[PDB]
Every structure is written in structure tokens, then in C-alpha cells.
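# can you look at this? It's an experimental structure, sequence on top.
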Amino acid sequence: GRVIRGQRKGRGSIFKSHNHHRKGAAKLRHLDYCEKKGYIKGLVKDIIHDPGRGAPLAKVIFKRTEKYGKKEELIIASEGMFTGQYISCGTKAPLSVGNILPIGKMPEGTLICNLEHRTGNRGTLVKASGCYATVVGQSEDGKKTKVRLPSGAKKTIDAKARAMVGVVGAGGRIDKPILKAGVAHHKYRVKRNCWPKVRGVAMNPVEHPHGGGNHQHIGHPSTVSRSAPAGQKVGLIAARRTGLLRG
RNA sequence: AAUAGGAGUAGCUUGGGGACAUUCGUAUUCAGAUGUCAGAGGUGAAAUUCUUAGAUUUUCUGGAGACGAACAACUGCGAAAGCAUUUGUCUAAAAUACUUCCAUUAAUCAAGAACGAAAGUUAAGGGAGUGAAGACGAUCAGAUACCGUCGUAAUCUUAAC
RNA sequence: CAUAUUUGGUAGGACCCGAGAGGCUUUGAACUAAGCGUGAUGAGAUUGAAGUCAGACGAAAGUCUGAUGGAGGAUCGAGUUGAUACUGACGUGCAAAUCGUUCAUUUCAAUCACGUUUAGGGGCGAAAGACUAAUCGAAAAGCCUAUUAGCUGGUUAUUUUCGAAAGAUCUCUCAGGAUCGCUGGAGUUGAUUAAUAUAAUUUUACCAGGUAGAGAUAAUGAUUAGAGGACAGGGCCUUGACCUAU
RNA sequence: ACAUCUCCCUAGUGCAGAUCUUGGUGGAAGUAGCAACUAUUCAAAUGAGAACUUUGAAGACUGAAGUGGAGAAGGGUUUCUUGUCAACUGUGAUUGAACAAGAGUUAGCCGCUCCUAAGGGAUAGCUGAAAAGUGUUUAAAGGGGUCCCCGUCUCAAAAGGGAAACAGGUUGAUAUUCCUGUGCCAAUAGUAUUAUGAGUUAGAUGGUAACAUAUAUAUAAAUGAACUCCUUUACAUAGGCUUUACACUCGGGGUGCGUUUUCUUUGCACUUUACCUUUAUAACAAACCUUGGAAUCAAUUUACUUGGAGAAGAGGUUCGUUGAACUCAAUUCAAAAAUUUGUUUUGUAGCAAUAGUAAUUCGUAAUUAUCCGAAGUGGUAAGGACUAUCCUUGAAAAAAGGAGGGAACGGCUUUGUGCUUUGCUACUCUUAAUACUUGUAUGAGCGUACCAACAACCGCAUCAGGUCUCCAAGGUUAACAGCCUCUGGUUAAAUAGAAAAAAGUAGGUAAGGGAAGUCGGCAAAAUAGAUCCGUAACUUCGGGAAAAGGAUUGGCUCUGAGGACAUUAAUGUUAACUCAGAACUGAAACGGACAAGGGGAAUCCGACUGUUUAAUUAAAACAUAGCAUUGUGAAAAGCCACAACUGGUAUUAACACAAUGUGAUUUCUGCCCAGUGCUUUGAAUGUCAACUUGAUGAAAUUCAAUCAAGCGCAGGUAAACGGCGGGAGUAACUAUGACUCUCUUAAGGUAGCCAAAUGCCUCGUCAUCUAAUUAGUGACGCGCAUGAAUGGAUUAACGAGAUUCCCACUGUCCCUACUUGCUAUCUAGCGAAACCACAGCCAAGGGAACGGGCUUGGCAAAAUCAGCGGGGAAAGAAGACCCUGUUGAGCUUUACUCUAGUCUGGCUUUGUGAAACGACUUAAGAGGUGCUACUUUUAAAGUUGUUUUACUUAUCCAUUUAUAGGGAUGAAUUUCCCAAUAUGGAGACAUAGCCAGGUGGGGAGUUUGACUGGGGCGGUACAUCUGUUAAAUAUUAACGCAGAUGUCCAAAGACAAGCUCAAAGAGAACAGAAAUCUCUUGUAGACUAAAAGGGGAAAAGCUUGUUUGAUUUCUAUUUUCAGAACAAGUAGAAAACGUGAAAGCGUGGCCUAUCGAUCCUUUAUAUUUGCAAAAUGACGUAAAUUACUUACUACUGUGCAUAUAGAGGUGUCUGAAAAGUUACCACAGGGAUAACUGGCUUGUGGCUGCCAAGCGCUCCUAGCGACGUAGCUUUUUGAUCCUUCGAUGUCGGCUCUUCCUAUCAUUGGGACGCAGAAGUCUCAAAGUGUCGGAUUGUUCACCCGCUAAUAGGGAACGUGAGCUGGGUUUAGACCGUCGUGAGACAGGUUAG
């Protein structure tokens, strides 16, 4: 028939992300010898808003270890971070909020954010506003550490991999309801080309397979296998249970 | 200076009074193991139910929610509602004592206000057991009930009511 | 056998003309769609949120009342952007959608410009199969291509001679085809001896019949009456059936 | 230049036609027409000629959102002057944006040009046959530095960023650009001179401070390297406050003109001032500093702001506005004083009056005189300080600037080696100018007309269309509105004139009533501005709301309220306009024109602001917040793209991304996991692939064996798809049925809801509204076919929403009339088209069944002008409807066949050890019936295959400018101990390649018969068999009739032999109507496998005996019929037999039915064959023996191929492997075929009869009239398919006319069951009449009312170039039911 909207989205085109307002990639400090063996203290010089990210960025100054003068990083701002706050990063760094530490050096039940799945990958996990991970265990012979993702899922990473003490800024953001369609427009204007998000069942069956039927019938199961073709994967892929969640 | 009232001061006074943090125990439950081999659960009496893919039963780890038993009483505190693990913090309270201070401040109170079990509402968590609803097996003259097995909403916490 | 010409059949454009299409390679986003960057543009009025002040009452908690204040995808609203209705005018137009009057829109999901992105079973779509340059349920350009068409239309001087069928069989066959029938040409045989062969004809012989007719007293199926006789019903008598000729 | 007919060859060889092709041309026709946009007149001039050329005078208009200026796109000499009139300038034409000849656009400073962005193109790579797809990503690469330190490139904005020019003048046409004047900017090489200030005997100063300081012609010059850090460039929206400028107004003096009978100390015009001088100062909102030290809070804005983290106060300083303000400068005199203040005189601060304006005189073109005092409005624009909002915080680089840092450092003379130590003291900097040398030592290139539409661009064109941006006067007013005015512009629009009716169109206006109108109050009218009152139900408490409903409003003369300055609380000087009150006044008229809500009572749907079908569609559809759901923790994830490599989501990370469903609020969301889905666990486990492994054979082969997934088994899931019953009985009246019973499911509909845009029946029943209610509204609810995220139920606000009603209101209507403009009309001018077989009076007839022509009748006498719509089955477009095609296309599925995707298994890439598990080999032993022969057990001894695991170098990922080996809100630049692949992570699994099973409407390609009383459900008349239809040989059709068929049979076959059946009567224990037995009678009345019809009695039936001929081979034939096939038969023949005593009979069934090509498969069969140069018995039988000896032999490997014979099947049966769907559709045909008329018929409908049994007290017939029976008609409905599908416009209403009679009334009568009054049946009669509403889509129907009565029909179902568009019936949409679905519905609804 005619290609479905989700399949059309991957052709790239006008569906590339709206990066104009966005201030640079939010990746943490890279691992180095100074971080590995000791620690570095830096100063948070400014806090700035990014709208692609759910929370602010923090402009942090370190002094060039291999050379001379001042170097600026962009860290994700923890809640309770402030301008003129001192941030410490490294193996021998003290335990305190917003510090950047290997997960092995956290005491259990601590709350942390900006986890990395491998050492020096620069905070690839736990980046959204108000969010946090919990350390849920430390290996008896070391090397591994067990942490709990903000989904509630438990995962085991190497102890060497870094994370950032405390919770991400701008928490409770989802608690306010969306007031109006213009507010929704302003949100999508800085995000992605993705909206208005029209129903599939309304359309021609030709142009979305939930479509057709004189009185807008679905006419076929809405639960789809993950083994299905991409153009067939319009419905609920690999749906273990459907209906209202209960218990 | 009231066998009235208020305020003070004193004592390693008192107590499950209130709030916040903290911490322990146990059963239960889940997951990971563990060893068995036929039944195990369940009742007026059974069946529904679970079990050879190893149930029930044994012992161990790790997690989780829940509660605080026995001790514990013609026992304590609280305005009442209500309040029982450990320690800490912030708090209030009454009596006793007083050759301490005040000098009638009082009593009970339409109006108005605060707090107010259980359930109910609304939102976030959390959601183990228990378990309104609901589902089966019976029971029985029939039984939509008592009884059995399963089991959502709720019970728990925060935030409003 | 060779050769000349013919006519018929078959393949080819094959009597000329006619589709809807299908494939291949390019070209378009000046319109229009959605997105982006850089810029602009939006008379005038109306309502009067929060906060602030003042005053009043209230033991208290608190409550009122008047200003101030200046909120809102708030209100009306010229214009701008549209385009509801008059099924208005117009309907060989001023115009292959205009014009008049009415009406919606007017501070935001706003409007406008320019530049820019995404291209054909592809895009893009606040979904109507919408739009993608007077082009769309698959754009434009060129080609395979003179595509194919059992179907529609047309198919050109003269005289003379013979002159039909619209039955049949099989057919994914019923608007068609093939093959039979009927027709023509060409030849040969027979014929010329008033004949024999021969014949949509009768004659005399000779058969074969079961339709019209006719029948119920011949059978079958019906079917209306009485009469004569030796198992049953009614209330020793009567009714029937049943036999027998009608 | 032409012939040949003398003969003969050859051909692009003969036209009326093809909606033929091409070209020309007519009738239509001097007609249609030249109608947007308020208007021209007079005179003159030019010229051949003037309504529309030019000049003047008038009249007018555009009316600062301008037909006015400017600019962008686009055009491109269209510009301008000078000519000019063949054609053009839809009239005229002397005009011209036509034609001809020329002329004309001048830049260091305005743009472009430059910079980067969104973007684009490449290098580096890497893929891909290439083409291309990508773009730092596995690089030995443009800059700065005494060999070192940095670095992907490149194009991309004529509105972002971006140095630097203004004023006046001037041309026929350009001017920021030419000219005059004044400036501004960037560079501006070397050397030598000079002047300018610094510093020296290697870097100034003041100020407590914030900070300030060079005034040289010229504010020049105030040390500084590497290496660093900032800042400008550089940014949203909204609301007020404020400052300046231009604009606008008033008042005074000065100038000229204007009005001037009368009045006016009047009206108008002019009274000018730029950049540039870090312009100097003044002023002010801010910011900051010194002092100061505040609760009794103060300072303070429209707004709140600020303060011991130091406010008020006092005194400064800075920035920004501004741009001659103010002592600003000079001079003067007085005082300060060894430099400062006061007073006088000057000056538009320079630019600057010489330039501008109004003037004034004087002619070759020159002079003179003039040019300024106060203020107010708040319209533009900009800035400022602020304040608020975002689940959104609002580009970048080039370029420029500031700060940190502390590298480097006189000149002369001289040893030693550009470096170092000694001796000496105008020197070292720094701007500008000059001279001299060094290529020629200053200013690149492009654009610059005109239009910007009122004719230059796009629209096929001087097209009422479209087309971006800025400039914005006066009055009225809220006002950039509307109306009128000044500046500037224009009076051209494809024409004029004359006349003025119809008709048209744009407008007006109308008595009395007031929606009786129609689809609907459509249209039109009424309302309407402000100020003052007053404002309900209901409500999510915000709204409703300008609700509703009232009142007031002119002009004049008064009164009050609201400022600013300065004299000590009073007195003065002095302003803008707005409000409020009161008199008087008038035709109570007054928002006067001008703009300018109609409302209410309700129902229904969508909550809302939003959006949509460009040109028939704005909504009830879509979006939307809100609710809910699924998947995914990550480079080996989700989700998507690409051929490949590689991308995108992703500058991402669960408060996230992707995928869905529902759709504000409110209230809730019952049951079912069976079905169809999706999903969870797996060797116990059924099935289930390649490779692999073993067994077999001589091998090919043939066999087994193997934890693959999948399915299957077993769970989970309904806010997955979806679904949600039927009967009986039952209560002291009557009724119903809580209650009882029951079959049945996966569950049997719970909360609700209703004849609702949801109820077939149905216009359901009751109310209520009305006058009348199929409508509306409230109800009821066994509901064809309501109902719970298919979201149900309920909702205020809200609507270019759908619907009803009421009030005001009205020319909708009674019932039309009068009127204006513009047209029409007539003239002059210019001047088409569609259409057109030939044509053009009727009536009837026949006819292809409705004729303009034909036949017979009526008839029929030129030419026209103005109209009009009866006809030309008028025009058009190859019927969009319907049917048909072995044409399509679109769409869907559990149609057929695939396939991208995807999962899983296998092999390669793919290495190295260790442990555990098996096999094999070597060592030692053992056992057996005569110098000679054989076989077995044990080592975990030696080698090898497997499972587990460790290791990394393969491989893969990540990371960084590839930066110390491991262990205890400053500033950073010239340990100790242990140790001796860029870094981690993953890793022989991935991955990739190649195979393989599975999944796979994501995508591809395709199929979805025929007959057919149209199409379709149905049937088979589609292969067949009987009788009959069938008309006496035979032949013969229909969806003719009555039927049968797809077999059955080891006997029900074959032969022989014997027998006679059905029945009836008469008899016999149990025993009867039927049981068995007997006698008599018995032409078949039985039976013959099965249909129906034929035939059959010593049988063809029944019983019995023997058997398998129901056998092999072959003809001639007969049937169907081609006289092919197949199938069925008949008569024989050649065999072998079976049976009978023999004759004989037996080649299936007593006869007429019981069935299937090619290709393919399979088993039979053969002294017959083949597998392509040869062979496979067998060296057989002989001889020979040095050997490639020599003869002679019917019988010769596996496998495949044949040949002949069957069988396995095609029932759409002379033989495709083939489902749905289109109201999104297209094409080819079709009157070979529906829906429309007509036609035939008249079943059905309607009308009229005949009769005589009854009814009519009594009485056949006054009136009736059955049971019966005859006609007529086509206003009924049918039957039909002759006519038309290259089109006869598909219902109804309105309007308008005519015909009929089968008369309802009026006229004349007849009869009566008739006393009259009536009334009833009836005849001549078609002259005349036959109505208002309510309800409808409506013929019809049905109320209410009038009437005098409210008859019935025809006219192409009267009447669409007469209208209307409500309805059936295009494309959008809704609900129910049905369909898995897409979709469907003479089911309902809205928009077209």
C-alpha cells in the first residue's frame, strides 16, 4: 500500500532531532590517570538549561593536568548542586553528593545517578530529571558491583565504572499535567517531528493497517509478535499480558 | 496569699504521651540452591486445588513486604480518637516539693475553631500475607450463604481530603 | 524436380484506426505538503486572575469591602488571513472557480517572506486517499511500442455470370473459434444413339406402425347410481361392507 | 513537353462518407456582443479629419489601508529625446507601453562583493561490476613559533553578522555615485632627515576611593614575548511607566496674497538648519564609591522594590540617553587672587548663510531687503529603567577589545668567541611631515534605466484575477474604521450618442394583517454606540452576562470637580482638556447621517482554543489535553532506514525512546482464555529439516540414527480480536409472574439507556405542545438489531454545528403595485462562437409497435421588427447508472505461488593449553581332538575423537588531543613501598559469508467458470439413463413434465436338472385377523439387486447339482455420431476349457443406466530391444602352447530408457493448479441487457353487467342481492423485453393551460320502502364550480376548519434551456445489524 508513519520515520529526512536549542552532548568527564590513581576537585561555575535533556547542565572548571590554564566540562546538574559548589572526581575522592566515584567505592543502599555501563563511557545511564539508581550490593571478592536501575531492574557492572552521587535535578516535572495543545506544541518544537499523533484506526487500511471498516473496525488482533515484519509491527509487539494492569 | 487559679524553680521525677531519624527479631513469601520419591493441600465428609517438568517435607543463602509475640496484668500513659522492637534527636505532661513569684487572673460556656477509629474519595509509591468484589468445588430440597480452593479493589507509606 | 504466377492458411504491425494498462531510464517541492534556519508583521476597544494597599468586623482562627494591580491557546473587533450563507451575481465570464453582499479569523498550535530539506508504489498527509507546477486510488518526460483488443468505427472504377447461411458437432463455450452443412471456381468421368444411369412423383405388389379416433360390459388408474344374493354395525328387525349381474 | 489499344512487365493504382488527415470555406450573423470601477462640459490649439490628442476654463473624483511615494522578485531598453502612422494600439486615434533614428544608467564611503548558519559539494576512508551510497570514520595533510608548537577542506544569507558620506546644486532622461562645499575610513615599504611629546645621565602620572589624566595643526605616544583567561559580535514574549525626536495644534510679532454689498484687527501661505566637531558642556533614568550608621521601620514605584551580606542622609564618580540644552565662548567692569566669581557688551557653537523660502527692484542676466518670540496635543518611532510568563529560556563565526603572565633590552671604543669583560657619556623611544631609493608605492570588480502593475511580472492578452516590503497629512471619532477635506494624483478603464416599454439585474418603497410561506423565517426587516439602572434558570462556581428588561442622549447660558509656578496660614502670577450637576430652548428631534448583538425556552452531538476534502464538503470527521496499554537497561538493547558498507531515533537513556488504543470535566467500567491472537516453560514430551553419524551393497544407490526451531502438549493474558440464550408452569377478584421446573454455553447483558442523527413491525401506547402533531417534547421499554475504553451513562462553558418551539419582527404571504440606477432598445463604430443529413404547419393512420417530410384528410399567399420558451424525442460527452469482456486497476484474507524482513540449525573464518568422557594402538597373561598351523583376556601403558573449562594473538566493541607501571566561589606555564601490545571491555562465542528448516499480506505476481424468462440466492436442464412431452418409420426443443445415476453381486455369475408363483375358498391340537400343515381353485393378479418402462410359466421366477467363460487373442460392425474419440453393445472367428446324456449353451448380470484424454506414476509381459569406439555368462567348448595363438558357441553386471497391457483422475465429466472485494475506481463494447416513457396483454386493481336463493314487517327485484356467471378499462400493480445505453435529464412540489366523463354540486327530470321536511336509487347533461390550514419526501394518507359542494381522471406517470433541489442516487461523515476482513445493508441519518 503506502508506507506507515513509523517506517517512514527511519528514512531520516525531517525526522532528525531538533538540536538547535541543545547545548552539546552531556557526557561526563573521561577517565584518565589522575582520576584513576587519585582525585581532582573542580568548581561548578554555572548551571544552564537544555530542553532536550530533562534537567540542567553544569559548567565545571578543571585546570589542564597535562598543560596550563582552565578547561570547561558539561556535567548533568544534580539536585542541590549550586554555582560555586566544589565537585570532586576520582578513586580517592571523598563520598559526598554530586561527586563522581567508581561504583565499587559506594557503601550499599546509597543513591546515585549518571551511571556508565563500562568505565570511561561517560555517564550513559541514569540521566533523566529527578531520577536515581541505588547500589544494592558489592561483590565479596570485588571486581563487580550490583546496582538498581530507575526502572527498578537490577544489573551487575564492574566496580571500576563511575557514577555520580545523589539524584538528578528538575524532579517532579511529570507531576504537573500538560495544560494545553500549545504547551504540547512547544514541547515537540524542541524535541522531534512526531506530533500531532493521529490514530491508525481512523485512516485508510492502505496507509495504516489498523485502518478501514465502515464504522472504524480494528477487525484483527492488536497483539503482534516481535517475529512480525516491520510494516506489520503497528500493534502491541510481544505483549505478554493486555487489559488493565492489576495486582 | 484561697485544702481556687496561673507562672517559676528542684529531683540519674515518671510513663507503650506526640514527631523525626535509627535499628533488631521472627514467622511468612519470592528467587537461587539442597536432598528425597508419591502423593500433598483441604472438610461434618469430601471434592475443586497443587504434585514425576519432582509437590508436600529437610537444610542453607540472598531479597521483599508485614508485624512486634511469649514476656503482658480486674498493668502504664494519652483531651478524646489512640498509643507497645533497639538506640538517638527534637518535643511536650502530671504529680510530688517549695517560708519562689503574681494578686483574682476564675468556673461552665450559644457563635466560631482545632483534633477526631474503621470504611469511603483523589493522587503518587509499595502491592508480601490478609483479602469487600469476582470465580469455581461442594453443602443442601434448592444455597447465588455459612464451609473449602482461587482471587482482583482495599489493607501498608507519603501527599491531600 | 525446377520455375512463373494465383489463391487459401500461419507467423509477423499483417485491412486501416482505436483502449484501461504493464515495464525500463531520467526530470520536478517556483505551486502544493510537512520539517528546518534567518528575518519580519499583526488599528482599536471589552473583561479584570494572582500579587499589593487601605478600611471594617472578628479573643481567636479568620472573614468581608473599596481601590490598586494587570493574568488569560479570555471577549468584541477593523485590517490581515480565510470563505458560512444568499444553492447571490456570473455561468460562449472580468475569471477553465471571478465578482457582490453576508459571514469566520485577528496574540498565537498566529500570519508573511526568503533560503532550505524530504521524489514516484516514492515522498509528505491535524487522514479527506489529501497533496506532490490548470497533471494523481500512483506526477511529468522519453522509450520497449506500430504493445495487446474474440470488441466499436471506417475499408476506394464499370459490366456480365453462378449465388448462400442464420441447422449441426466439440469448445472456460454461449457477442468467439474450429470442424459439418449449404456456395463458387477448376478439372476429370458420363453423355450425345429421344435413352440408360437417374428422380422432395405416382402405380402395382409388398411390408412396418399404435398418434388422431374409439373404449369403460378388455386390463390399469378413476368413477355415479340402484338391483339381486350369505361377515360387521345399529336398535327378532334393520343398516352396511362383501360377493353377482348391471 | 506530351502518348502508345502494338506487346508485355511493374506498382505507394482508382474514395462521398472513417466524431477520416490536412488545408481552405460557408449558413448561423452585421447578429451575440464591446454593462466591475458615481461625470463630464465649454472654449481654444494642432491636424486631412477630434466625444475619448494637446492647452485653458469649469465641473467632479482618488481621499494617505491613496490610481501618491519608494524599494524585492520577475521582466529588460519597455526608459528618454527626436521623428512618426503600412499593420497593431478588440471604438475613433493626429495618441501610444506600436514602428524609425538616435541618446542615456558614472561609487575607497550605497549595495553586492566578506563572514559564518540552516544547508550543499568534496578530500581522507570504505563499500558497490561500475554508476553511485556515504562523509574523520583505522590520515605520514593550513596556521603560529629559533628545527619546534598547533590544524579536515570547500561553497552556502542582495532582509542574520559585517568600516567608511552627508548637505546643497544640476540634466531631455542618473544622481549618497555627476557638480560645489564640507568630511570620514582603511592601508600608508625601505633608508635618511626633520619638527611633536616621552624616558636617560631598563618602562609616565593624579585621585582615600569609585575613578581620572597627553587638546601635539592632529587626544598622537601611558615597555612588554611565549603561553593563558575573559568580553563585544550576540539575540524570546507580554504589560505598563518614562525620556527624546519628527509630526500635529494654539497664541504673538514680521512678509505677501485672498474674502471684503454687509460683518470680520480675518483666511491662507512663508517665518528654514543636516551629517560632521572621541562634538564641548548642561540635563536626567540608572550603576558604583567615600562618608553616614537606621525598628517607632525608613527610603520608595502606576506596579514592588532596597537595606548591618550597610539603608536613609551627605558628598562624589561612571555609563547610557541625548546633541549648543546651560555661562557656552569671547569681551566688560567689579570682587576672588599670584588664578576664581558676579555685572555689561557681543554671537543662530563651528558647520551656517553665501545655502533654502516668501519677497523686492533692475532685462545682458543681475541686485537690494527678509528670515522669530512663547506654549500645548500625545499620533509615530526609538531608547531606558522595570515587572511578569515557559514541562519553551530564545544561532554562530569572521572580526575587534580588555585582563593575566613576566621572555627581551642604553650608544661609542676594545680584547677573546652575531656572543662576552674592560674605558667613556648628548642618547633610547614616539606620532606626523619631508627627501631619497627600491617594478609604474592609493583606493579592485560587478550592479545603478523603467515598471513594480491604476497596461510593463504570472494568468496563451494593454485580463474587474494573483503578486512581497516600507513611508502615512486635516476634520468627525475609541479609531490607522466609515464619511468628507489638504498635499500629491486622476477624470483612462475594449466605445459613444438618442430614446425609453417589456423583460433583466443592482436597488428603493409600500395600506391592513403578521409566517396563514417554504425543505427550513431562506431572503429582507427588527436589534445595534455610549452613560445610568437592573439582570434568571443553571453552573466544573470560573461563568451564565452586553443575559433578560428598562431609562437617557440635540443646541445654548450657567454652576461644581480635577494643575503649575512665588510672596508667611492667607495673598498673588498662571494651563491643558475631561468629567458631574442645573436652567432655558425646539415639531420629545437628538448613537439624527455614520457605524451598529435579534432574543428567549429547549433537545442532540462534539468538551474546549485548534485542523481538514486547492475548484460542488468546515462537520457530528480529525487534532487536543486527560485515561490506559505494550516493548526496551543499550554498541551482541528497543524501534526504523540502506544493495552493500553504513545510517536514523541519538547533542538520546526509563520523570526516556519507540509503538498503540481511547478522547475535557463528572460518574463508572459487569461476565467469558473456549474460538481466533499474542505470550510463558521444556527432553519427561508427540510430530518435525539440511548437514552430520552408522549399517548395507562391487559401487552409485538403498536404509537407519541425531534435545533445531516451529507446531503439538501445558500454562498466562479481554482498557488482545471478539462474544454476551431459549422454553414451560406458578399468587384469597382480574391481570401479571417475585417463585418453580427445564434444555443449553466460553459467557448467556450487570450499572445504565431508549421508538434518541440508534425501534423492522411502526406514523408502537400514554401525556404535553398546536386548532389540527407521522413532527417536537416528557414518558413507557420481552430492545428486528441498546449497553460498559467498539468506551457506556452524565454534563456547565462553548459552536459559520444538527434539530423544535415561543416573543419581538417583517412585501415570506394574503396580493401585488409604484419607483431609481445600470442594461436591454435605436443609430454610428468595431464584431465572434456553439450549433448545422436535408430541413422546417397540422391531424390521424399504418411503420422498428410516440413522424418535419410517408398514405389520407385538414389546408396553404410575400417580406419582416420586438419578444418568448410548446416542439425540433434542441445543444454537450463515445451512459459516470445497469449488463458484458476469459481488458484492467485499486483494496483484503486462514485464495494460489512466492518474497523483503525475521528466528533457528549447520559449515567456513576460528587459535593456544588444562581437566573430565569414549575409541584405537603397543606391552604382559590365557585357551583348543596331529618337528608343522590357530585364537582370547588384562594395563587407563601408547595414539586419537567428545564435554567442561582457562588463555589470549584471530576477531569485536568502547575510549581519548590514544599523555606517569602498581600499592599507603583563590593561585598553580619559560614522597615511601612493590614492579621492570595506546588504554579498557568482550573473545574463539560473536560477527561476516554460504547453505538449510521455520516464520512471513510487510512486499510482489496472479486466480476467483457457465447455463441463466435480465442480476442473484437457488437449481443443473453442465456427464448421463427411463417413460412422457414428440404431432402412429425415424428425427425433435424449453429452468417441459414424472423421475432415476456415480453402485451392488463368489452369487443375485455360468451350465444343467427339478419345480411354480401372488391369491382365494374349504379343512386341522396349542392357534386367534395374521404362524405351520393339507386338499381344491389359481395366464402370473408373484417375482425378476436397485429407477421407470419393456420381456419372461416345462422360465428369464423359485429349489437343487456341478462349477468360475466375470478366460486369452482378433475382426466385421451397431449405438452416440464427424457417421472421429471414448463408453456401451451385436454377430462371428483363433485358443484353452466349463457344463450337459447328447443336441447344445457359456466371451458377465433378461433388455434399456451404473462412467474418463495427453503427460505422469505403478505393476505385469518379451529365444523382441537400446544406453552411441569397446567389454562385465565364461576363457563355455575344442584344438594349440615359444603367444596379443587359433577356431567354434540362442540364452551375460547394477541403474536408467523403451515397447505392449492394465490400474491410480480429471462429476464445470472431448480433461486450467485458483478466494473475497470496489458507494475510490478506470477502459472496451452493449438497447444482443435493467432502472424512464411508449407498445402488446389485463393476471391483479378499478368500473359496468346478467341472474333470483335469501334479505328488505309483509313483499324476488322500492332498495338490495348472494351462491354463481358476462363484459369493459388501463388513473393501479404486474407479466413483458419490441423501441432507445457515441444519453429521451432519474421523484415530488410549485406554477400554467387544455381535453375527457365512468356527474360530486349547480339546470331539467324519472322512481322510491314518500305525508311534508328531508333523504335515497336513477337519466339527459362536461355550460359552470370544486377551498383555508395542521402533519409528510410523499402519490397516497390522516386530522381540524370553512364551503354550496370541497367529483374523478388524461395531457411523454402533464409541466427541470418554467422554477425548486426536500427526497432515491456520486465523492465526506454517523449509529445499528450483517461480513474474519476489506467492506455490505428498498436499514436508518447529516453534509454536499
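Received the coordinates, thanks. Numbers count the residues shown, from 1 in each chain, chains lettered A, B, ... in the order given.
# what separates the nearest residue to residue A:232 once chain neighbours are set aside from residue A:239, distance-wise?
Of all residues not flanking residue A:232 in the chain, residue A:224 sits nearest, at 6.6 Å (C-beta to C-beta, 6 or more residues apart in numbering). Backbone N, C-alpha and C define where each C-beta goes, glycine included. Distance of residue A:224 to residue A:239, computed by C-beta to C-beta, to the nearest Å: 7 Å.
# which one's more surrounded, these two?
residue A:224 (17 against 13; other C-beta atoms under 10 Å).
# phi, psi for that one please.
Dihedral pair for residue A:224: phi -120, psi 150, per degrees, to the nearest 10.
# stretch A:115-131 vs RNA strand D: in contact?
Yes - Stretch A:115-131 lies within reach of RNA strand D by C-beta under 7 Å from any atom of the strand, at A:117-122, A:124-131.
# then stretch A:17-29?
Yes - counting by C-beta under 7 Å from any atom of the strand, RNA strand D has neighbours in stretch A:17-29: A:17, A:19-27.
# can you tell me what sits against that stretch?
Identification of contacts with stretch A:17-29 by C-beta atoms under 8 Å, 6 or more residues apart in numbering yields A:35, A:48, A:50-53, A:57, A:62, A:73-76, A:89, A:100, A:114, A:116, A:122-124, A:127, A:162, A:164, A:189-193.
# go with 6 Å
Stretch A:17-29 has contacts (C-beta atoms under 6 Å, 6 or more residues apart in numbering) with A:50-53, A:57, A:73-74, A:76, A:89, A:122-123, A:190, A:192.
# so which bits of it are buried?
Within stretch A:17-29, the residues scored as buried using 16 or more other C-beta atoms under 10 Å are A:23, A:26-29.
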